[PDB]
Amino acid sequence: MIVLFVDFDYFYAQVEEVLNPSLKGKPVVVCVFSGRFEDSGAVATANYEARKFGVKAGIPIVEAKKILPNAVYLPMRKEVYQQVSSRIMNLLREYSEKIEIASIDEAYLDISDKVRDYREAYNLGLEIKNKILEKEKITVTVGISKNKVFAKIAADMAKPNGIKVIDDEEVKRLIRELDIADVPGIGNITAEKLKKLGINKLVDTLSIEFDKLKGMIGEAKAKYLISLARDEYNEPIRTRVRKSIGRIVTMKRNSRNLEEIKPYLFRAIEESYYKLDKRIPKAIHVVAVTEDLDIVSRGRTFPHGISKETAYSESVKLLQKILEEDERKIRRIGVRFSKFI
DNA sequence: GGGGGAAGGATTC
DNA sequence: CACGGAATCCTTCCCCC
Ligand SMILES: Nc1ccn([C@H]2C[C@H](O)[C@@H](COP(=O)(O)OP(=O)(O)OP(=O)(O)O)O2)c(=O)n1
Ligand SMILES: [Mg+2]
Ligand SMILES: [Mg+2]
Ligand SMILES: [Mg+2]
């Protein structure tokens, strides 16, 4: 089995550049302003100029300014990015039937039937980097290997604007080398729980008793990491289907007042329901981020579909439930719809 | 024991 | 003492078959 993984480069940032060549050469930071304050918000991404100096995705727009007070800061125009993304996803579909759009800027293609060996898979990759480069002028990184996980890992190692094949031999060596924290699905807390067990490489996972891994990091991550180390990880490439659709917004000020909060709640329902398109949901969840970025929610699943009107009513009861059971104020409020008919 | 719900938890884009 | 907006899969506790 051969998997080809593609991941666009500093995507949102690169897109703004392709739409305005003047930005090229200058550090760029794409951010999402909460509207709270003139510079309240987080960073979606920054190009590699700004990246060099610590400006990474997720940090406050304010932290970024201290560092690069003179970088170019642009508001995120997501509809534009989705547009560019779909056009590139369409070009990829041409190279293989089995394709999985994993996110706004990445995809896994099973090219087992389109190539005979790793050398051929490689040129397919170069063929793909060029197409996108001449059709959209967006550079991307490609990683190639035997399964989805190693295909991703490969692309991270080749970024930016690269291509990298990790063959069966190269895989065995990666199971031995490679910091376990670099494995997809392993974040900071999980990485720490593994350090307390003396686990630094995937291979080390074979040495611990299964129930000691299961007890420490849950059974899922256990099995996942185990088969990975045993070179038995084989998950099919499948087309993904949305399980949920939502919308959350930051209020102008924190609050615990129902009448002050309803308008924000209703806007979020209005916009979520438009995103649903044909879909009719059977479950609804009101989600809130407390004043201390803590997130809480209350939802309800119905015997049948939920019309927009019903969501307005139910959402208010659910919000009142949050207010009743939680004493702190709310900073962000919104909804999530799921269990589509 | 395990399916479906309901709140959290962790990770990732 | 800051601090965005989405999505997804998983784990713990509860009802119920
Ligand atoms: N915390 C994040 C991370 C990503 N994104 C969006 C904008 C990013 O441009 C896009 C792709 O995210 P990646 O980090 O996976 O890819 P990048 O292009 O940002 O970095 P790279 O150079 O690895 O491709 O997803 C976001 O909104 N918030
Ligand atoms: Mg990516
Ligand atoms: Mg990218
Ligand atoms: Mg919490």
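Note that these values count all heavy atoms, side chains included, but never hydrogens, waters or copies made by symmetry. Numbers restart at 1 for each chain; the letters A, B, ... are given by sequence-line order, proteins then strands.
Proximity of A/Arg247 to the phosphate of C/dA6: a side-chain N or O atom is located under 4.0 Å from OP1 or OP2. Applying the 4.0 Å criterion to OP1 and OP2 of B/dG5, one finds that A/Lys339 has a side-chain N or O inside that range. When the side-chain nitrogen and oxygen atoms of A/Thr250 are compared with OP1 and OP2 of C/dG5, one or more of them lie within a distance under 4.0 Å. Checking the phosphate oxygens (OP1, OP2) of C/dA7, no side-chain nitrogen or oxygen of A/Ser103 falls inside 4.0 Å.
Spacing between atom NZ of A/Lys275 and atom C1' of C/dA6 amounts to 7 Å, rounded to whole angstrom units. Put simply, NZ on A/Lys321 is 14 Å from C1' on B/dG8, counting in whole angstrom units. Protein atom NE2 of A/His285 is 15 Å distant from nucleotide atom P of B/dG9, rounded to whole Å. A/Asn188 places its CG atom 11 Å from the P atom of B/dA10, with the value rounded to the nearest Å. As rounded to whole Å, 12 Å separates atom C1' of B/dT12 from atom CD1 of A/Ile186. For the pair A/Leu194 CG and B/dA10 P, the computed distance is 13 Å after rounding to whole Å. In this structure, A/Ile306 places its CD1 atom 13 Å from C1' of B/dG5, rounding to the nearest Å. Between the CD1 atom of A/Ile59 and the P atom of C/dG5 there is a distance of 17 Å, given to the nearest Å.
When side chains are defined from C-beta on, A/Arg176 does not count as touching A/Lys201, because their heavy atoms never get closer than 4.5 Å. Contact of the A/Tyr312 side chain with the A/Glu270 side chain is registered, since non-hydrogen atoms from C-beta on lie closer than 4.5 Å. Taking the side chain as every heavy atom from C-beta outward, A/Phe33 and A/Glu38 never approach each other to under 4.5 Å. Using a 4.5 Å heavy-atom threshold, the side chains of A/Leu213 and A/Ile199 count as touching. Looking at heavy atoms from C-beta onward, A/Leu202 lies in side-chain contact with A/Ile180 at the 4.5 angstrom threshold.
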Worksheet item: Where along nucleotides 8-17 of chain C does protein come under 4.0 Å, by heavy atom, of base (B) or sugar-phosphate alone (S), with - for untouched nucleotides?
Response: SSSS------

Between the protein and nucleotides 1-3 of chain C, list every N/O to N/O distance that falls short of 3.5 Å.
residue	atom	partner	partner atom	Å
C/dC3	OP2	A/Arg331	NH2	3.1

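Among the heavy atoms of the strands lying under 4.0 Å from A/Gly58 is at least one base atom, whether or not backbone atoms are also near. Within the 4.0 angstrom heavy-atom criterion, only backbone atoms of the sugar-phosphate kind lie near A/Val296; the bases stay farther away.
Residue-to-nucleotide proximity on DNA chain B shows that, of A/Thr190 and A/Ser297, the 5′-proximal contact is made by A/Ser297.
The cationic atom of A/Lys114 (NZ for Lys, CZ for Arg) does not lie both less than 6.0 Å from the six-membered ring centre of A/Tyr95 and within 45° of the ring axis.
With hydrogens and angles ignored, the 3.5 Å screen pairs a side-chain donor or acceptor of A/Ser96 with a backbone N or O of A/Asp110. Looking only at distances, a side-chain donor or acceptor of A/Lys129 sits under 3.5 Å from a matching main-chain atom of A/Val140.
Cluster partners of A/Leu74, using a side-chain heavy-atom cutoff of under 4.5 Å among ILVMFWY residues and allowing indirect links, are A/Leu23, A/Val28, A/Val72.
Counting heavy-atom neighbours within 6.0 Å of A/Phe302 CZ, excluding the residue itself, gives a total above 12.
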